[PDB]
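Here's the structure, in structure tokens; my notes come after.
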Protein chains: 4
Amino acid sequence: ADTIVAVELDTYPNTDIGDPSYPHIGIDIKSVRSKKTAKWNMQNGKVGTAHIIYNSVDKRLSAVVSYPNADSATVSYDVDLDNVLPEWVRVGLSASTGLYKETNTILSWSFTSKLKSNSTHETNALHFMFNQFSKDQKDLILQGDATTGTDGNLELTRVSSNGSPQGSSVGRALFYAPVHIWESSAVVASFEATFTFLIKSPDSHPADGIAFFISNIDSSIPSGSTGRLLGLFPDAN
Amino acid sequence: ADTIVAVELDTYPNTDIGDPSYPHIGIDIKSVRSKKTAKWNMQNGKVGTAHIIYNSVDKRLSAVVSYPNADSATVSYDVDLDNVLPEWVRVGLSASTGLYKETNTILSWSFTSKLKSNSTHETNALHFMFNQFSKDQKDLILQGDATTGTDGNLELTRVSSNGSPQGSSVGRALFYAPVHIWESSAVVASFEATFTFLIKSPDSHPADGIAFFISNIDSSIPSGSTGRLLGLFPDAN
Amino acid sequence: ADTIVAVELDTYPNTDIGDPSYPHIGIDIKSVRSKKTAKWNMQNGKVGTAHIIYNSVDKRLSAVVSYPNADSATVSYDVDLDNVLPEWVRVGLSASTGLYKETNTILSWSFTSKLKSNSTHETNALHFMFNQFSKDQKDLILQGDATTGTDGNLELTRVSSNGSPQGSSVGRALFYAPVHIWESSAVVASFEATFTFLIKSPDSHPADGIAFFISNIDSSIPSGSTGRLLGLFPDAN
Amino acid sequence: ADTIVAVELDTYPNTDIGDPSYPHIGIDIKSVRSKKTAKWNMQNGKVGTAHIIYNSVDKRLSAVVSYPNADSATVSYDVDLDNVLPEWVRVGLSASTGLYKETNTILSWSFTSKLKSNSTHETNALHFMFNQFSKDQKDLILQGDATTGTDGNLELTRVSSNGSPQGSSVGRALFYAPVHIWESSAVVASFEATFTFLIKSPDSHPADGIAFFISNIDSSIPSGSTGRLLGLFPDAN
Ligand SMILES: O=C(NCCO[C@H]1O[C@H](CO)[C@@H](O)[C@H](O)[C@@H]1O)c1ccc(-c2cccc(-c3ccc(C(=O)NCCO[C@H]4O[C@H](CO)[C@@H](O)[C@H](O)[C@@H]4O)cc3)c2)cc1
Ligand SMILES: O=C(NCCO[C@H]1O[C@H](CO)[C@@H](O)[C@H](O)[C@@H]1O)c1ccc(-c2cccc(-c3ccc(C(=O)NCCO[C@H]4O[C@H](CO)[C@@H](O)[C@H](O)[C@@H]4O)cc3)c2)cc1
Ligand SMILES: [Ca+2]
Ligand SMILES: [Ca+2]
Ligand SMILES: [Ca+2]
Ligand SMILES: [Ca+2]
Ligand SMILES: [Mn+2]
Ligand SMILES: [Mn+2]
Ligand SMILES: [Mn+2]
Ligand SMILES: [Mn+2]
């Protein structure tokens with residue numbers, strides 16, 4: 001079983017597995033049942049922005065999602081990620097559709113991790129930034145339905161030629177390089193992630209959402225993780 | 001008077017103004033009487049490192065002080081710096097000596113500020129890094145006894161040719177450029193400050209310490225601020 | 001007088017002071033008479049981008065100007081900026097109007113300077129980024145008609161409420177902080193400047209242009225520098 | 001046959017294949033026979049620093065190597081790398097020993113690549129930094145004799161337990177992630193690489209050197225590329 005830490009942008013209320021009634025953002029530690037959620041007024045057809053942040057000093061994982069000219073949704077959770085994740089991980093974006101559907105379009109993605117040592121008092125750092133995605137993006141591991149190059153975007157879930165999202169769809173993009181996320185010898189470990197997204201539905205009911213996630217480096221899409229499981233979890237436990 | 005937010009590396013217990021019995025790190029919000037302290041095993045004559053981090057999501061000022069192959073002292077305080085600081089500030093380093101004395105030597109200093117905005121959705125940023133200080137450092141405002149250029153270091157307080165620190169000394173260094181520290185239109189404001197320092201005392205009693213501080217742009221050394229007030233405060237209220 | 005190094009986006013051929021017959025980009029070293037120019041197909045009313053890059057290894061000032069879906073204009077000049085500029089400078093943007101007029105609108109501006117040193121072997125750096133300008137931007141020195149805050153843009157030259165650019169206007173914006181541009185103890189000095197701009201003229205004859213410039217720290221708009229001198233030079237020598 | 005672009009730190013004069021009489025730095029475009037060389041006073045047992053830089057505007061590949069308190073060696077060569085390398089590459093460090101030997105110790109390595117588009121006018125960027133290396137460094141592809149974790153360094157060539165370098169040795173470290181080094185749609189492509197190194201010999205004759213290199217992503221150590229071929233080339237052509 002993969003080890004997963006995620007921020008979910010959850011557009012569809014699965015009230016039988018702990019979702020609230022409304023679209024929401026959440027912090028998932030090893031379960032689709034968010035440890036903490038906040039209400040989120042997803043805006044259909046509009047470009048949004050997620051900022052995620054962590055440091056080893058506060059051990060607080062925080063996410064902010066916003067649209068131009070709207071109040072933000074933010075959620076926070078105290079978690080020592082040295083006790084949850086392995087030392088080496090991969091970072092990625094995940095999305096799914098079920099019975100109901102939406103485009104899961106990423107327009108940009110950027111990430112920064114830092115280790116600042118006690119042993120030496122010197123820093124190890126990874127930073128990547130995509131504002132365009134190309135038809136053949138060799139620093140990305142695309143899983144399931146995920147594709148790149150259509151209008152320089154990353155389409156996480158399946159979309160027809162006229163541009164209609166398909167249901168029962170799942171897809172993920174991971175950064176090729178493993179990331180050293182925590183280290184005993186570090187005085188401060190920090191990571192930042194930012195992405196922009198276009199979730200468009202023809203339905204008045206979009207599903208299922210987008211997640212930024214951290215996994216074991218060999219993470220793959222769990223079997224039957226379309227719909228409410230967001231390509232992250234094998235089950236709703 | 002000046003408006004001050006500070007992290008103090010305080011080497012001298014002034015127990016009649018709320019100091020603990022031991023050298024401590026402290027978060028000061030408009031008062032030398034730290035809202036929060038932690039024990040700090042300052043190591044006479046060694047190069048130490050200070051990391052300060054704030055973000056407008058967690059609203060939590062944190063400091064970590066460390067030497068090679070020792071435990072860290074860390075201290076944190078929940079505070080909304082929108083309700084304490086004016087929108088525009090200067091950042092600096094202050095130090096002091098009283099009856100008792102120490103080198104207050106700064107070997108390097110870096111600082112990073114970001115506003116990432118709502119309604120606009122476009123980031124403003126400032127970052128500077130000093131790994132050596134020159135004899136005439138025109139992007140630093142030197143106050144009091146603060147000098148630059150000797151071993152390419154910043155000496156906050158007065159030192160002899162023969163290496164001896166003087167008492168009743170006080171000095172500060174401010175980054176020339178004002179800093180946009182918070183904005184009501186920003187979804188995430190954050191900042192990071194790192195400095196390395198060498199505190200050496202010929203006595204078994206070093207005084208008084210070093211602080212990173214954020215002030216009103218026209219901040220100057222208050223009268224009588226030598227020793228226990230660290231160049232930061234006019235009195236001990 | 002002031003010491004000036006500049007890249008000019010020059011929209012008006014002043015053929016009696018060495019200008020080519022066409023709108024051009026130019027590298028100016030202590031003279032409005034560009035040491036080097038290239039043809040530039042300035043696009044009335046579009047957002048353009050300017051990239052300037054220098055390094056003390058190649059000793060080569062290069063500029064690239066581009067619009068979406070057009071060819072770049074690029075210009076380069078071998079010059080040792082240790083023999084032209086004082087050790088400490090300010091960086092800025094200048095613009096001008098004469099008989100003829102244009103918006104000189106700056107939408108964003110970023111700058112990066114590094115000294116990486118010998119005998120010391122430790123890097124000094126400054127970086128600032130403006131993706132929006134506020135009504136009161138305390139890290140910019142505004143000279144002449146330069147204003148900020150309207151559409152969160154920097155208007156170098158005078159514009160009406162009704163959107164109309166005025167003639168015989170001149171304006172500049174300088175980064176507040178002085179910049180350590182070269183050091184004799186550095187193995188590699190380098191810098192990078194990026195700005196996006198919108199030049200709109202109601203006539204089929206726009207004038208006069210925008211420049212990124214590096215000056216002595218106390219640089220001010222020379223007398224009579226409107227129109228063809230671009231706020232940079234007192235005369236056309 | 002791999003496609004290779006390298007900066008060599010060449011400690012041993014192979015005068016039969018175009019080496020000068022003395023230790024030297026060089027730019028290798030698809031041949032061990034440097035297109036351009038400069039004299040280099042390698043300092044045995046001392047920590048050195050290499051800075052490599054390129055941009056698509058100058059199409060000039062430049063390298064600077066220096067020690068504390070010594071004059072630098074620099075070399076430059078005009079090369080359009082869009083005409084030499086594939087669009088996607090891996091970056092790495094390479095070193096070899098032959099009949100004669102040296103430690104090929106890397107203490108730190110950092111890299112930055114940038115693409116800034118015409119199609120969009122938005123940037124794609126990779127930056128990594130190692131100041132420590134760990135016993136198990138999963139963002140590095142180690143080939144041949146290369147090992148990590150001994151004193152937090154990367155040993156490129158084989159060294160005994162007492163710390164004696166072995167001859168007929170070859171080794172390479174590549175960044176796990178493929179790098180998008182050039183792109184038609186880019187107005188400026190730039191890359192920076194920096195590393196620090198300790199070359200120590202017991203001999204008064206060290207060999208064979210260190211190289212920073214760019215290759216096709218599947219690059220491997222050519223057969224018999226110990227000695228003068230630096231783990232880069234199958235032959236001296
Ligand atoms: O009937 C049951 N459970 C069985 C009976 O269990 C009790 O009695 C037993 C016998 O005595 C005993 O053994 C046991 O312990 C119990 O005492 C049952 C049925 C429904 C629910 C339920 C509760 C609350 C909410 C829901 C719910 C279901 C479905 C949705 C929904 O929106 N469905 C559409 C989703 O379809 C797909 O598409 C979306 C969007 O694309 C995806 O998210 C999704 O993954 C799908 O692909 C909402 C709410 C049901 C409880 C118990
Ligand atoms: O004798 C020849 N060539 C054959 C004769 O060729 C001529 O005549 C033929 C018959 O008529 C005709 O067919 C042909 O066309 C010719 O007209 C020959 C021998 C030597 C050289 C030569 C020239 C200049 C310099 C050198 C040279 C050799 C070796 C070194 C050196 O330093 N050697 C030690 C290196 O050993 C190892 O270790 C180092 C350091 O670790 C590594 O770098 C190296 O890889 C090894 O592992 C220096 C200089 C020889 C030309 C022609
Ligand atoms: Ca859900
Ligand atoms: Ca005290
Ligand atoms: Ca002109
Ligand atoms: Ca050689
Ligand atoms: Mn949910
Ligand atoms: Mn105190
Ligand atoms: Mn001109
Ligand atoms: Mn050579």
Side-chain angles (χ1 to χ4, degrees), chain A residues 8 10-21 32 95-102 104 157 165-170 201 203 205-209 224-231 233 235-236, chain B residues 8-26 28 32-34 37 40 42 95-98 100 205-211 227-230 232-233 236, chain D residues 6-28 31-40 75 96 207-211 227-230 232-233 236:
Chain A
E8 54 172 65
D10 194 336
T11 56
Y12 190 80
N14 309 86
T15 64
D16 53 326
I17 71 166
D19 279 349
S21 280
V32 73
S96 67
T97 60
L99 173 65
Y100 306 123
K101 40 200 87 100
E102 73 194 16
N104 292 114
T157 46
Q166 307 300 113
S168 305
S169 198
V170 65
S201 208
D203 306 319
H205 283 108
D208 265 279
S225 67
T226 60
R228 64 190 187 180
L229 295 182
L230 291 180
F233 297 99
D235 51 66
Chain B
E8 63 172 53
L9 287 64
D10 188 338
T11 54
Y12 190 79
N14 307 93
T15 61
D16 59 354
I17 68 167
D19 272 354
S21 309
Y22 41 78
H24 54 284
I25 69 189
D28 305 338
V32 65
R33 286 168 194 270
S34 304
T37 60
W40 177 44
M42 194 279 295
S96 66
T97 61
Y100 297 114
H205 282 107
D208 279 82
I210 311 171
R228 60 195 197 158
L229 302 178
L230 303 179
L232 285 189
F233 296 97
Chain D
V7 180
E8 54 172 65
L9 283 52
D10 194 336
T11 56
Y12 190 80
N14 309 86
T15 64
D16 53 326
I17 71 166
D19 279 349
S21 280
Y22 44 74
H24 64 275
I25 57 167
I27 286 158
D28 304 347
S31 169
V32 73
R33 299 171 180 261
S34 311
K35 299 316 183 193
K36 198 135 165 220
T37 66
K39 186 160 179 65
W40 177 44
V75 65
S96 67
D208 265 279
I210 295 169
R228 64 190 187 180
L229 295 182
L230 291 180
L232 287 187
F233 297 99

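Just follow the structure's listing: the first ligand is 1, and inside any ligand the first atom is 1. Residue numbering restarts at 1 for every chain, and letters A, B, ... go by the order of the sequence lines.
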Please assess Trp40(B) against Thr11(B) for the test side chain to side chain contact (heavy atoms under 4.5 Å, CB included), listing each intermediate value before the final yes or no.
-> CA-CA 8 Å; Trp40(B) 177 44; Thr11(B) 54; 3.9 Å; yes

Apply salt bridge (charged side-chain N to carboxylate O under 4.0 Å, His left out) to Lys36(D) and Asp28(D), showing your working.
-> CA-CA 8 Å; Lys36(D) 198 135 165 220; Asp28(D) 304 347; over 6 Å; no

Please walk me through it: do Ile17(A) and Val32(A) pass side chain to side chain contact (heavy atoms under 4.5 Å, CB included)?
-> CA-CA 8 Å; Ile17(A) 71 166; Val32(A) 73; 4.0 Å; yes

For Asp10(A) and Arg228(A), run side chain to side chain contact (heavy atoms under 4.5 Å, CB included): C-alpha distance rounded to whole Å, both residues' side-chain angles, the deciding distance at 0.1 Å, then the answer.
-> CA-CA 8 Å; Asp10(A) 194 336; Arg228(A) 64 190 187 180; over 6 Å; no

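Less than 4.0 angstrom separates atom 20 (C) of ligand 1 from none of the non-hydrogen atoms of the protein. For atom 47 (O) of ligand 1, the nearest protein heavy atom lies under 4.0 Å away. In this structure, atom 14 (C) of ligand 1 has no protein heavy-atom contact shorter than 4.0 Å. Put simply, atom 40 (C) of ligand 1 has protein non-hydrogen atoms near it, under 4.0 Å away. For atom 24 (C) of ligand 1, the protein comes within 4.0 Å by at least one heavy atom. In this structure, atom 31 (C) of ligand 1 has protein heavy atoms in its sub-4.0 angstrom surroundings. The presence of a protein heavy atom under 4.0 Å from atom 10 (C) of ligand 1 is ruled out. Within 4.0 Å of atom 2 (C) of ligand 1, not a single protein heavy atom is present.
Between the side chain of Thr15(D) and the main chain of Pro20(D), no donor-acceptor pair closer than 3.5 Å is present. Panel note: side chain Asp208(B), backbone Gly98(B); a donor-acceptor pair is recorded below 3.5 Å. Checking side-chain atoms of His24(B) against main-chain N and O of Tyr22(B) turns up a donor-acceptor pair under 3.5 Å.
Between the side chains of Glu102(A) and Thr97(A), no donor-acceptor pair of N or O atoms lies under 3.5 Å. A side-chain N or O of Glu8(D) and one of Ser34(D) form a donor-acceptor pair less than 3.5 Å apart.
Partner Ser96(B) forms a side chain to side chain contact (heavy atoms under 4.5 Å, CB included) with one of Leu232(B), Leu230(B), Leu229(B), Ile210(B) and no other, that one being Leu230(B).
Closest to the Mn ion (ligand 10) among the N, O or S atoms of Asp10(D) is OD2.
Looking at atom 33 (N) of ligand 1, its nearest protein heavy atom turns out to be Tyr12(A) OH, 4.1 Å. Protein heavy atom nearest atom 45 (O) of ligand 1, with residue, atom name and distance: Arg228(A) N, 3.1 Å.
Between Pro13(B) and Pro23(B) the shortest heavy-atom distance is CG-N, 4.3 Å.
From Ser168(A), atom OG reaches atom CG of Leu99(A) across 7.5 Å, with rounding to the nearest 0.5 Å. Interatomic distance, CG of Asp19(D) versus CZ of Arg33(D), reported as 9.5 Å (0.5 Å rounding).
Ring pair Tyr12(A)/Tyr100(A) is tilted by interplanar angle, where 30° to 60° counts as tilted.
Of the candidates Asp208(A), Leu99(A), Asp10(A), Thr226(A), the one placing a heavy atom closest to atom 37 (C) of ligand 1 is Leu99(A).
Not a single N or O atom of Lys101(A), backbone or side chain, sits closer than 3.5 Å to an N or O atom of ligand 1. Among the atoms of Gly98(A), some N or O lies under 3.5 angstrom from an N or O of ligand 1.
Among the backbone and side-chain atoms of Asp19(D), an N/O/S atom is found under 2.8 Å from the Mn ion (ligand 10).
Between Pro206(A) and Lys101(A), every side-chain heavy-atom pair lies at or beyond the 4.5 Å cut-off.
Below 4.0 Å from some heavy atom of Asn14(A) lie the following atoms of ligand 1, by number and element: 42 (C), 43 (O), 44 (C). Within the listing of ligand 1, atoms 40 (C), 41 (O) sit less than 4.0 angstrom from a heavy atom of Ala207(A). Ligand-side atoms of ligand 1 in range of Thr15(A): 25 (C), 49 (C), range being under 4.0 angstrom from any heavy atom.
Between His24(D) atom NE2 and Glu8(D) atom OE2, the angle centred on the Mn ion (ligand 10) amounts to 90° (nearest 10°).
When heavy-atom distances to ligand 1 are checked against a 4.0 Å cut-off, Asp16(A) comes that close through both its backbone and its side chain.
In this view, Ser225(A) satisfies the side chain to side chain donor-acceptor pair (under 3.5 Å) rule with no residue, not counting sequence neighbours.
Counting only protein atoms, the N, O or S atoms lying less than 3.0 Å from the Ca ion (ligand 4) are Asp10(B) OD1, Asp10(B) OD2, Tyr12(B) O, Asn14(B) OD1, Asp19(B) OD2, ordered by chain and residue number.
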